[PDB]
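Below: the structure, in C-alpha cells.
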Amino acid sequence: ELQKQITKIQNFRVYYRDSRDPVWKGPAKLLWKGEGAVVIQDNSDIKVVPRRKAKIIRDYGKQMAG
Amino acid sequence: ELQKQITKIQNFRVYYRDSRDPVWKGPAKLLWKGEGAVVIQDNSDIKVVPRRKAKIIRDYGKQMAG
Amino acid sequence: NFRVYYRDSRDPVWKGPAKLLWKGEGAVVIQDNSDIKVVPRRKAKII
Amino acid sequence: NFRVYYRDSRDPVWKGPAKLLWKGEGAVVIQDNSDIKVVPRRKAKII
Amino acid sequence: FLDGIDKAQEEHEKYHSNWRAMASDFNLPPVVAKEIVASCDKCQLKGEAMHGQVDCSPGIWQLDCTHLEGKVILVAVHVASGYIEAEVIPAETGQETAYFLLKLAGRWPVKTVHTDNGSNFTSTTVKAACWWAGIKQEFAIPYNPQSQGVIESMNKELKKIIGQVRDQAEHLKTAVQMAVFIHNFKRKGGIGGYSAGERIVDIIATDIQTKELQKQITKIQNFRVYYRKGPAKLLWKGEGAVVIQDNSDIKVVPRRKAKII
Amino acid sequence: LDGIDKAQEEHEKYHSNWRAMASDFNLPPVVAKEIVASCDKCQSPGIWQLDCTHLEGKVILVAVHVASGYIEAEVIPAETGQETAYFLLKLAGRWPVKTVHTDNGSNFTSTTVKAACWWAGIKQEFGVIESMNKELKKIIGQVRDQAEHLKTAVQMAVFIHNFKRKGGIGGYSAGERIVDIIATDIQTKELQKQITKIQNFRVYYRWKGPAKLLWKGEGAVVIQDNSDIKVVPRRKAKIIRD
Amino acid sequence: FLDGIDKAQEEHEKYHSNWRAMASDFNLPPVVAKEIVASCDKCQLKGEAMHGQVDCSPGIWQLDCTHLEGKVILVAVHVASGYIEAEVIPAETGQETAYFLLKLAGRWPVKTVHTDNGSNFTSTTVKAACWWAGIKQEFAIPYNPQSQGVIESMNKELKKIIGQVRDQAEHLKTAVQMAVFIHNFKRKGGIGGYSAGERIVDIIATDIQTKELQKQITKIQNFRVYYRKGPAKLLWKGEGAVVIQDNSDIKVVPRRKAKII
Amino acid sequence: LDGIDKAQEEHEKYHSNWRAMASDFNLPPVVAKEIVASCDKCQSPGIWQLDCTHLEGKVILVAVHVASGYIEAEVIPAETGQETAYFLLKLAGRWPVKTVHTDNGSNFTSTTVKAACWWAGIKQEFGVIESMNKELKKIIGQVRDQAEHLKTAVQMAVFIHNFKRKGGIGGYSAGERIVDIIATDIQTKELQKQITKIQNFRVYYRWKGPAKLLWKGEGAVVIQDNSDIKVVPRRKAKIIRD
DNA sequence: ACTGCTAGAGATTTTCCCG
DNA sequence: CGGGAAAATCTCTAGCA
DNA sequence: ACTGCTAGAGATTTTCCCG
DNA sequence: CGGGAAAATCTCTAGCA
Ligand SMILES: C[C@@H]1CCO[C@H]2Cn3cc(C(=O)NCc4ccc(F)cc4F)c(=O)c(O)c3C(=O)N12
Ligand SMILES: C[C@@H]1CCO[C@H]2Cn3cc(C(=O)NCc4ccc(F)cc4F)c(=O)c(O)c3C(=O)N12
Ligand SMILES: [Mg+2]
Ligand SMILES: [Mg+2]
Ligand SMILES: [Mg+2]
Ligand SMILES: [Mg+2]
Ligand SMILES: [Zn+2]
Ligand SMILES: [Zn+2]
C-alpha cells in the first residue's frame, strides 16, 4: 500500500539549482512533492528546493535499462 | 660582481599568463630575460614564458617595505 | 535603511539614491521620488 | 589536411570548407577559393 | 585620521579617486577610504556581478516575437522541457498573439505565460485570451531580455535550424514548421538525453503521476510530529531524518529530538 | 535477480505482461520481456485520423489521436492540398505522428500532402472522426456566443474537449490520456532500443556454450540459455560481441 | 551498422539531427553519429569556445577612436601598464592621428601600435608617421574588436570618468584631460596596487634596468653546456636545474645529465 | 638584521646614504633610513619650467623637466591663458607635475592657468629653459625640411631631443633619465608612506620602556631605543598602537 | 513585489574492460 | 590492481538584437 | 601569418593577532 | 593551537558599440 507508493515516488529523478548557482545538479531522488517546495535526497543530503527551481521526470531510458 | 647582478635580476617580479588561461599569475621571480622569452621561477617551478605574456616590474612598495 | 543606485531602462545614466522596498533573488523593488520601480540586481547597488 | 568552416566579417553566414594554412593561439590563416583569410579561432571550426 | 580623512575627501571631490588611491595617498585604513567612496553619489556606477534564475515550473511558457526575412514569427517555449511552438504571423498584434495563445492553451496545459512588454503581449485582447483560458500573465522587467533568456535563446536556435532547412521549403512558414519539428523531435540532449518532445511528455506525465502518488501518500500517511514545538505535519521519514512542515514552513530535522505521533 | 523464478511462476499462472512482473518483482524490463516472450501460450500511439468538416460556410480540418481522443482542429481558408500539408506538418512538429488515416479526399491525395508526409515520415492510409466532428460541433455551438470569429470558437472548443471534458474508466481528460499514451510509447521504444543493443552480445559462463545476454548488472549478469534464465556472477562469465 | 548508418544519413539530410539523435534512433556508436554530423557542411555553424590573448610587450600601444557628445576622442593605452593618453580631435583623419602618434612617440618609447582598420589608422599619413618614428604597425583582424580588448575597455573607463567630472569643465577637451589625469594618477589597482602612471614608470624603468643587468651577466657568464647534444649556451643555473638555449630553443633541463664547461 | 652594526660602522666611516647600506648589507630601507638619520654630522623630480618661444610667427610653448632635461612642446594657436591651462592640464595628466616655474607672463598669471594649477594640485612659482629653447630651435632647424607644418617639425624635434640625443655621465637619453628619476621619486614616496605608517607604533620588549618600531619581520622585530637599534624576537616583544 | 539561457566545441576527469 | 579507450562531466562561447 | 579586457561588487579563503 | 577581524584572493559582470 503506502510503501509501494513511496518507492514509486522515490523512483523519480530531480534536476535542480541553488539560488546562486546557474549550473544544474545531477539527478537527485525525489522524496516529497508540494505546491511550492520539493524535498530531495542528493548524495545522502536531504535538500528542500522551491518548485520553480526543480525539473522532475522519470528518465524512461534508465527505467528500461534497469 | 656577477652574483650581485644575478640577485638584482632575481629581485624583479614577473606577472604572466599561460596560453589558454586568461587569469594573471602571482608574482614569480625573474631568472633570465631575453628578446622573446623570459625564464621565471614560480613556486619552485621554472617556467619559460614568451615576452608578450609577461609583465615585469619591481614593485617599489615591497622594495621599501623590505 | 539602504541606499540603492540603479540603472532603470535603456538609460545609461545611473540614478539614486532610492529607498529599498524589497530585495529578491535577481531583482529589487525601490522607491525613488514616489516612483516605485523594479530593477534587476545586475542593475542596482545596495548600500 | 583539415577542413575549416568559418565566419569572416560581420556576415552571419558560415562558409567553408577552407584549407587550413596556419593555426596560432587565437587565430587561424585559411585559404578558400584562393582567397587567404585570417580568422579568430572564436569564428572557426577545424576538422 | 581627521587630517588624513579631510585631505582625502577634498581629493575625492575633485578627482573621485578609488578607495585604493586615497588609502595609499592619505594613509587611511581600507574601511575609511571605502567609506569615502561609498558616500559619494557620483561614484555609484555599477551593480552586483550576478545573474538571477528564471522560473522553470512545469506550467510556465515564455513567448516572444522574432523577425526573419521581413516576416514575424511568434515563438513559445515550454521552459521546463525546451519544447517549442512557432508560427509565422502577418503582424505583431494582440489579436493573433491571443489566437496563438488560445491554440497553445488548447494543446498543452499552459498555466503561466512570461513575455516582455511588447505591445502585442500587453494587449487587451491577449489579456482576455489568458483570462478565459485560465493563464496567469507575467511581464518581464522592461528592457531586460535576460528575464526571457530561455525564449530568446530559442529564437537563436530556431533561426539556426531555419537557415539549415530553408532550401527545402519555398515559403518561410513551411521552413518554420520544419525547424519546429527538427527541434522537438530530431535534436537530443539536455538533462535526460531526450528530445524536447520526449522531455515535455516526461515532464507533464511525471507531474500528473507525482501529484496522484503524493495525494495517495498524504491520504494514507497522516501523522503529527513534535520536535525540539507544535504538532508539525509529517512529510517524510527515514534514514535518521524527518521532514516536517510546521506552519507552512518546511524544514529538515534529525530523528533525534523528534517524535512521530 | 532473485525474483526471476517467482516471475516465471506468476507469468505461467496468470499470463501477466512484462510490466507487471518488472514492477512487482523488482526486475529489469528486459528480463520480464524475455519471460513474457518465452511462452507461446501468452501471445496505435502514433495513429491520427484527419478529416474536414463544414460549418458556417468555413472549412474546419480536424485531427483526432485515435488512442486517446485528443483533438487538433483549426479553421483553414480552403480545402486544398497546401493547407492540409501545412496543418499536417504542424501536427507532426507538435506530436509524434507516424500514420494518418484519411478519406481519400482531393486535399488528402494531393502531391503536396504526400510530399509533406514523406518529409515528416508519415504513412498515409486511405468512425471515430465522425463522432468527434459531431462532439466538436456540439462544443462549438455551446461556446459560439463567446467569440466573434469561428476560428476562436473552434480553438475554445478544442481546449474544452482536450482539458475540461473528462470521462472513461479513470475519469481523465483527453490531454492526460495522450500524455500517458505517448509516455508509454517512449518507454516501449527505449526498451526496444536496449533489447536491440544487447541482442548482439553472447556470454560464455563457468566454458559453457554461448548464451543470450539479457542484463549486465553491477553485481551479476543475467543470461538466457536453452530457454531458461540463469544468474551468474560477472567475474564468472565473459561477454563478447558477435 | 551499414543499414543503421544509411538510415541515419537519410534522416540527417532531411532534418540534420545532432549526433545524439541519430545515435539513439539508429543504434549507432557516438563516433559514427559524430562522423555523420562532422561530414555535413551545413551543420558546421559554431567555432571553438575560447579567447586568445593580446600582446603585452612593454612597447605595444593600442589606439582607437571613440565618440562623445558629437566629438571625436583619440585614445591610446600602454597595454602593459594601462597608462592612457587621450585627445579630442575635430575629425577622424590620418593627418591628426599621425600628429597624435608623433607626440606619443616623442613622449614615450612606442615600439608597436595596434589598431583596428579604421581609415584614419590605415591612412598613408599615419604609415609615414610610424616609419619616421620607427613604430611597427599592427592591424587587428577586421571587425574583431576583441583584438583591441584593452583599448576598447579603456574607452569605457575613460567615458566613465568623463561623466563623473563633466560638470567641472565647460568644454569636452578639458574634461577628457581631467579624466586622463584621474585614470593615470588617481586610480590605484592592478598587479602592483599602482596607479597607471606609476605602473608605466615601473615597467619602463624595469625594462631598462633588466636589459642592462642581463647584458652585464651575459658579458661575464659565458659558458657552454652539453646535455643528454651540442654546446648549448648557458642562461641560468641553480637549484638543481639548468636553463639553456640550444639553437635558439630555450629549454629547462635538470642538473643531472648535463655538464657546464 | 645581523648587518645593522656593520651598516652603522660603514655610515660612520664613509657617511653613506640609506640606499647604499640597504643594497650592500641586505637591510630593509627603513632601518637604513633610521641609521642615516641618527647622525647629525651627515646632514626636484616634480619641477617643470614653462615658457613660450616664437618661431616663424607661431607660438611654441615648451615644458622642461629640470632634473632630467626631458621636453614637452607643442605649437599653440595663441599665447593666452586658455591654451596654457590646457597644455598644463595635459602635462599634469601625463607626468607627476608638482610645481611649475614661469616668467610672470600674461598667459602664466591668468585666472584660467591658476584654476588649472589648483585643480591639478600644481604650485606656481614666478636658465635651463632658455638654453633648451635654443636646443629645440636647433633641432627644429635641423628637421624642418622633413615636414610641411611647424607643429610636426616641433614634435619631431621633441622626439629627437628626448630619445635620440644622449649625454651626461652615463650617456643616457632624456627619456631614460626622466623615467629613472620618477621611479626614484616613487620609491621615496613609498618609503615615506611606510615610515609614516610605522612611526605611530610603540614596542615593549623583554618589560622595558617603549621603543620606536622600525621593521616587523617574519622572524624578528627591529626597534630603536635610546638612539640605538636592537633586534628582538617577535615572541619576546609586544607591539601596540598609540 | 523578480531573476540568462542553450547547445555545441574542446578539455579534462571517471568508468569500465580485460588482463 | 594498471593502463587504454570510450563515456561522462566540465568549461566556455555567440546569439537571442 | 594572431589573439578580450578592466575594474568594481560581493563571496570566500588566508593571514595574522593576541591569548 | 583557536577563533575573529581584516587582508587577500577569487568569481563574475557591463561596456567598449
Ligand atoms: C518592443 C518590445 C518591447 C520592449 O523592448 C523591446 C526591445 N527588445 C530587445 C531584445 C534584445 O535586445 N535581444 C538580445 C538579447 C540580449 C541579452 C539577452 F540576455 C537576451 C537577448 F535576447 C529582444 O529580444 C526583444 O524581444 C525586444 C522586444 O520585443 N521589445
Ligand atoms: C570603422 C572602423 C573600422 C572597422 O570596424 C568598425 C566598426 N567598430 C566596432 C566597435 C565595437 O563593436 N565595440 C564593441 C565591442 C564589442 C566586443 C569587444 F570585445 C570589444 C568592443 F569594444 C569598435 O569599438 C570600433 O572602434 C569600430 C571601428 O572603429 N570601426
Ligand atoms: Mg520581444
Ligand atoms: Mg526577443
Ligand atoms: Mg575603432
Ligand atoms: Mg572601438
Ligand atoms: Zn566619487
Ligand atoms: Zn547536417
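Here is how names work: the chains are called A, B, and so on, in the same order as the sequence lines, proteins then strands, and each is numbered from 1. Atom set for the values below is all heavy atoms of this structure, side chains included, hydrogens, waters and symmetry mates excluded.
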Exercise. Please list, chain by chain and in numerical order, all residues satisfying side-chain hydrogen bond (donor to acceptor under 3.5 Å, both in side chains) with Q214(G), sequence neighbours excluded.
Key: none
Exercise. Name the member of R7(D), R10(D), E25(D) that forms the most heavy-atom pairs with chain G at distances under 4.5 Å.
Key: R10(D)
Minimum heavy-atom distance between [X] and [Y], given as atom pair plus value:
X: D41(G); Y: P17(D); result: OD2-CD, 3.9 Å
X: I141(G); Y: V39(D); result: CD1-C, 4.1 Å
X: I47(D); Y: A38(G); result: CD1-O, 4.0 Å
X: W14(D); Y: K46(G); result: CH2-C, 3.3 Å

Quiz item: Would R42(D) and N144(G) satisfy side chain to side chain contact (heavy atoms under 4.5 Å, CB included), going step by step from the backbone distance to the final call?
Solution: CA-CA 10 Å; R42(D) 268 180 311 101; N144(G) 196 61; 2.6 Å; yes
Quiz item: So with a 6.0 Å cut-off around NZ of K211(G), is the heavy-atom count from everything else above 12?
Solution: no
Self-check item: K19(D), NZ atom: more than 12 neighbouring heavy atoms under 6.0 Å
Solution: no
Exercise. With chain G as the partner chain, list the residues of residues 28-37 of chain D whose heavy atoms fall under 4.5 Å from it, by residue number, and write 'none' if nothing qualifies.
Key: none
